[PDB]
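Here's the letter readout for the chains.
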Amino acid sequence: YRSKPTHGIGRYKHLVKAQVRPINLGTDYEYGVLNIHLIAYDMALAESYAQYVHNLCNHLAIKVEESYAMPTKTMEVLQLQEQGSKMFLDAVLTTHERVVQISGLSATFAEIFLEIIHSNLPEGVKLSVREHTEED
Amino acid sequence: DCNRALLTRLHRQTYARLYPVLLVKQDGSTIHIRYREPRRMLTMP
Amino acid sequence: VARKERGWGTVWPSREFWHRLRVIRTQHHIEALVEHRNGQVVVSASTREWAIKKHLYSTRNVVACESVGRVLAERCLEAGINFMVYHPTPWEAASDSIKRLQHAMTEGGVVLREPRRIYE
Amino acid sequence: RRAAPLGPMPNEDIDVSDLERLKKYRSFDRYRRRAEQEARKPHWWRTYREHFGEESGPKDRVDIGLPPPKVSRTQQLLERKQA
Amino acid sequence: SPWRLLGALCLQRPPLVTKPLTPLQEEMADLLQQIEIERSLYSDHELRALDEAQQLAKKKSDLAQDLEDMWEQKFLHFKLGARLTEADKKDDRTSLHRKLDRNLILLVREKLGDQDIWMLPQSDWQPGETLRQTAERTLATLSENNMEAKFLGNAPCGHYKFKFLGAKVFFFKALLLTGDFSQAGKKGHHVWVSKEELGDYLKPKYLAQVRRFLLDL
Amino acid sequence: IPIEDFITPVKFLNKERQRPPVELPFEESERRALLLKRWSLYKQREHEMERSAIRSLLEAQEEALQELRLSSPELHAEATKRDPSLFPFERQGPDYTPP
RNA sequence: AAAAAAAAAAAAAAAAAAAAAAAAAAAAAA
């Protein structure tokens, strides 16, 4: 009640707000909107390392925005048969891809990050650093 | 640290039998693919 | 015949009771209390109390919740109070530690669900 | 006509600038706890406690006791630890 | 207060092939093997194995084995590259092909006019140059090799000062993609060394702290 | 234009009959449980040592960069910026048998 | 000037998060 010392006690909504550019200043240098593509043949492997990434970022205070799985790519591999000369034979594979997006960075946290990233890389796992623009 | 995230099972609720497979791409390198066919090995040309 | 506190009902939990079971579960220790609406805790069973602490193992366990339960139960009949109300949380009420808490109190001889008022 | 807050205003301490970087309680529970913590301090505004007869509030206790049993700290701490 | 400017570089070789497992990681491995193949739903191989194992008996009273044996022999017939290219030589600290499992680093041997220097490779950067430029330049020029190395940042790893004059040694990290080493028998002593050896070979207290920002793995 | 692979395929519907039994003695249960607890302890020490490792690393960063600014201001103008060389950073994980 | 009060209140292990192991050395090493 406006005239009281206590006005605004209940007031909250500034507290919860329920309602892109990299900033490069060359000194405090914020390079944001970064895309980590985790690509591998094994689902369990992919999901595991993805998990590890996401959690790592959660602990490092670096803020993750979007963690999502990109479309799987189905490979058909044709192998030469020696008996029939130009005769082909076949075997099937699948490539899985996960993505973890970080909204903020500084030079020192990149230097630091990449280290733990490729240090802790699993066997049969391939890694990618990119920028936010891609098309699904 | 290579063994960090290497230890897992597939967490989906309903799924096929997954069997360890050795996979040779064209390097001389080998990978472990967990794949439904019991076959010990497969190799790409 | 006394007065309960009817009311609130905007908020939680219902503060209508003479006596309430208040179970506070820390990552370390289970502490189950008996409360009066004056905010004063009447009879309490805590794991940090050397008495139970020294008799059994692994403070956080289901075993320990049951424990603290029976402890508070006998301590209840000692206090003489047979009645206190318990308001679990929906996700808590379903959990085991609290199921068997409630059994420890039931078999203690203590009733939850305070008897109704007289000419309320 | 606006008045001036007397002492602390409850939520003033946390920074509204950059809410994303502030930690949250994602738990109903944590909230409940911190809440009751705030329910147990002496606020400068009319409160439940004030009207509802906390029974004299703070009392300086006239204590006619049997003086406390004297035992040693570190001894019991160790013994317990070993047990 | 004159400052002496010396660039420097931490040269990181990628660990190539994975390490075998801790006994506990192995017990956990087998454990997850069991539990995973436990919740397993059928198999195409196991369907055609068990259904035919049961059906051939009822064509008897009134395949999977083929494939199993074919694959057994086809895997056994095959042979693989060895896991140790270091210890069969067991000698070379100077081979860039030495350690497959761990991360490796370059050291160099120099005896200068007034000094005896065991050198984690160092550079001299002129006041106009950027630390970056001299890092790379001195890298490609010093070792007489064609080196593809992807650096991480424009920011440095770690800094160690020696003040006589006063002077700075600035260490950067270069992540090695593919090196080509020309004149593999050149006299200048380049020691490609693991973490444990980076402990031993290092005299200085400036280089004793590079194993502090190193990746221990 | 999103399509996930998360759904459970139609191939897996009626073949459900293949894996009904699972049974453990108190022994397998006990073994696996011990193994689990121990594994928790282990992983915890692992995350801890990881954290102190990267932390100490970051302290090498602290001492370094602060030393660089205390020495040359031109050097904290140079190296505090992030270079274009980081954009398409790509790295491949290790394999089982070397080429 | 001694676990991330005289024993307590982040962390880790059942589509990605999110929500049923521990503690200065013999008042007088920043």
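Residues numbered from 1 in each chain as written, not as in the entry; some residues may be left out. Chains lettered and ligands numbered in written order. Part of a larger assembly, values for the part shown. Heavy atoms only, no water.

Student: Honestly, the interface of chain F and chain B in this entry has me stumped. Any pointers?
Tutor: One frequent convention defines the size of an interface as the accessible area lost when the parts assemble. The interface of chain F with chain B comprises 18 residues on the first partner and 16 residues on the second. At the boundary of chain F and chain B, one finds 1 salt bridge. Across the contact surface, chain F and chain B share 5 residue pairs in polar contact. When residues in the side of chain F that touches chain B are grouped by element, the largest group, 5 residues, is from helix 1 (residues 26-71) of chain F. Here the side of chain F that touches chain B is composed, by residue class, of 7 nonpolar, 5 polar and 6 charged. (Contact = heavy atoms within 4.5 Å. Salt bridge = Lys/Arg side-chain N within 4 Å of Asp/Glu carboxyl O. Polar contact = N/O pair within 3.5 Å; in protein donor to acceptor, adjacent residues only side chain to side chain. Helix = DSSP H or I, 4+ residues; strand = E, 2+ residues; numbered from the N terminus. Nonpolar A, V, L, I, M, F, W, Y, C, P; charged D, E, K, R; others polar.)

Student: So what exactly am I meant to see when it comes to the pattern of salt bridges here?
Tutor: For side chains bearing opposite charge, pairing can occur when the charged atoms are close. As enumerated under the stated definition, the model contains 40 salt bridges over all chains in all. The residue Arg137(E) makes a salt bridge to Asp124(E) at a minimum N-O spacing of 3.3 Å. With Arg137(E) in helix 4 (residues 131-142) and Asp124(E) in the loop between strand 4 (122-123) and helix 4, this pair connects stretches of sequence that are 13 residues apart. Given the relative accessible area of 36%, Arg137(E) is considered partly exposed. Overall, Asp124(E) belongs to the partly exposed group, its relative accessible area being 48%. The partner of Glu67(F) in a salt bridge is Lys161(E), with the nearest N and O atoms 4.0 Å apart. Taken together, the residues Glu67(F) in helix 1 and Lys161(E) in strand 6 (residues 158-161) connect one chain to another. Accessibility classification places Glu67(F) together with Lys161(E) in one group, the buried group. Several salt bridges share partner residues, and in doing so they unite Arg22(C), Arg32(D), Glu36(D) and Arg40(D) into one network. (Buried < 20%, exposed > 50% of the residue type's maximum accessible area, 1.4 Å probe, protein only.)

Student: Looking at this model, I keep getting lost on the nonpolar core. Mind explaining?
Tutor: Soluble globular proteins: nonpolar side chains tend toward being buried together. With 64 residues, the main nonpolar core has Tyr49(A), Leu114(A), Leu107(E), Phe171(E), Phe213(E) and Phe89(F) as its most contacted residues. In terms of residue count, helix 1 (residues 43-59) of chain A provides more of this core than any other element does, 7 residues in total. Leaving out residues up to four positions away in the same chain, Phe213(E) has contacts with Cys10(E), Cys157(E), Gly158(E), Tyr160(E), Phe171(E), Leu57(F) and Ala60(F). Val23(C), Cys65(C), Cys76(C) and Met84(C) belong to the second largest nonpolar core, which has 20 residues in total. (Core = buried A, V, L, I, M, F, W, Y, C linked by side-chain atoms within 4.5 Å.)

Student: I tried to follow a nonpolar patch on the surface on my own but got confused; where do I start?
Tutor: A surface patch of nonpolar side chains, about 420 Å² in accessible area, is lined by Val1(C), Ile118(C) and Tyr119(C). Structurally, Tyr119(C) is set in the segment after helix 4 (96-108). (Patch = residues over 30% accessible without salt bridge, like charges linked within 9 Å, V, L, I, M, F, W, Y side chains within 5 Å. Areas by Shrake-Rupley, 256 points an atom, 1.4 Å probe, with all protein chains shown as cover.)

Student: What should I look at first to understand helix 1 (residues 28-39) of chain D in this one?
Tutor: Owing to its 3.6 residues per turn, the α-helix aligns residues three or four sequence positions apart on the same side. The terminal C-alpha atoms of helix 1 of chain D, which comprises 12 residues, lie 16 Å apart, in line with the 16 Å expected from a rise of 1.5 Å per residue. Where helix 1 of chain D starts, the residue carrying a side-chain oxygen 2.7 Å from the main-chain nitrogen of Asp29(D) turns out to be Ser27(D). (Expected span 1.5 Å × (residues − 1).)

Student: I tried to follow the sheet that holds strand 3 (residues 41-43) of chain B on my own but got confused; where do I start?
Tutor: Two modes of strand pairing occur in sheets, parallel and antiparallel, and in both the strands are linked by backbone hydrogen bonds. Residues and elements named next belong to chain B. With mixed pairing, 3 strands are arranged side by side in an open sheet as 2-1-3. Edge positions in the sheet fall to strand 2 (31-35) and strand 3, since each of these pairs with one other strand and no more. On average, each strand axis in the sheet is inclined to that of its neighbour by 35°, with strand direction left out of account. Bridge count between strand 1 (residues 19-24) and strand 2: 5 bridges; the pairing is antiparallel. Pairing of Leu-23 across the sheet is with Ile-31, part of strand 2. (Pairing = 2+ DSSP bridges. Axes fitted to C-alpha atoms, helices over the stretch in contact; angles between N-to-C directions.)

Student: Explain the side chain of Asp95(F) here, please?
Tutor: Residue position: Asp95(F) is located in the segment after strand 1 (90-92). Although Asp95(F) is buried, it makes no salt bridge; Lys25(B) carries the closest opposite charge, 4.1 Å away. With residues near it in sequence (within four places) discarded, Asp95(F) still touches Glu123(A), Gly124(A), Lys25(B), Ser29(B), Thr30(B), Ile31(B), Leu16(E), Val17(E) and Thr18(E). (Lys, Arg positive; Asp, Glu negative; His and termini not counted.)

Student: It is not clear to me how empty space enclosed by the protein should be interpreted in this structure. Could you clarify?
Tutor: Taking a probe equal in size to a water molecule and rolling it over the atoms shows the remaining empty space. Its boundaries defined by the atoms lining it, the largest cavity holds a volume of some 110 Å³. Forming the walls of the largest cavity are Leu34(A), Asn35(A), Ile36(A), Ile102(A), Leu105(A), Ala110(A), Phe113(A), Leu114(A), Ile117(A), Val129(A), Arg82(F) and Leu86(F). Of all elements in the fold, only strand 3 (34-40) and helix 2 (107-119) of chain A reach the threshold of two or more residues within the lining of the largest cavity. The element that contributes the greatest number of residues to the lining of the largest cavity is helix 2 of chain A, accounting for 4 residues. When its residues are assigned to classes, the lining of the largest cavity shows 10 nonpolar, 1 polar and 1 charged. Taken together, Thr47(C), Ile52(C), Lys53(C), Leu56(C), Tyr57(C), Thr59(C), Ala64(C), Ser67(C) and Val68(C) form the lining of the second largest cavity. Here the lining of the second largest cavity is composed, by residue class, of 5 nonpolar, 3 polar and 1 charged. (1 Å grid on protein atoms, 1.4 Å probe; cavity = no way out; pocket = protein on both sides within 12 Å on 5 of 7 lines; lining within 4 Å. Points joined across faces, edges and corners; volume = space filled by probe spheres on them.)

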